[PDB]
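There is one chain below, alone, in structure tokens, taken in the form deposited without the DNA.
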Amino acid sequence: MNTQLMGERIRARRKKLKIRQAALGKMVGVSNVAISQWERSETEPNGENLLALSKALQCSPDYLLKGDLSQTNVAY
């Protein structure tokens, strides 16, 4: 079930890139806590912040809309 969660796409991208959550916060332009809530999948990033996320996380919004995190396993 699921078609990947934005939050786990972030949690995954971020570790793959090796970015500290506070640094990601600074890159995107949010408080570290907002990152935390996003990955913990309480809040969801909206258009602008989603773009800023995608940029900070070295990808297109497409990546997170779809899940371009690998190339197998529910097209992770």
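We number the residues from 1 along the sequence you see.
One more form of this protein exists, namely the form solved in complex with the DNA; it is left out here, but the text below deals with it.
K.L.:
Mark residue 20 yes when one of its heavy atoms lies within 4.5 Å of a heavy atom of the DNA in the deposited bound form, and no otherwise.
P.N.:
Flag for residue 20 set to yes.
K.L.:
State yes or no: in the deposited bound form, is some non-hydrogen atom of residue 66 no more than 4.5 angstroms from a non-hydrogen atom of the DNA?
P.N.:
No, residue 66 sits far enough from the DNA in the deposited bound form that none of its heavy atoms falls within 4.5 Å.
K.L.:
Please determine whether residue 55 contacts the DNA in the deposited bound form, using a 4.5 Å cut-off between heavy atoms.
P.N.:
It does not: once the DNA is placed as it appears in the deposited bound form, residue 55 has no heavy atom within 4.5 Å of it.
K.L.:
Report yes if any heavy atom of residue 14 sits within 4.5 Å of a heavy atom of the DNA in the deposited bound form; otherwise report no.
P.N.:
It does: once the DNA is placed as it appears in the deposited bound form, residue 14 has a heavy atom within 4.5 Å of it.
K.L.:
Could you run down 23-37 and flag each residue that has a heavy atom within 4.5 Å of the DNA in the deposited bound form?
P.N.:
29, 30, 31, 32, 33, 34, 36, 37 sit within 4.5 Å of the partner.
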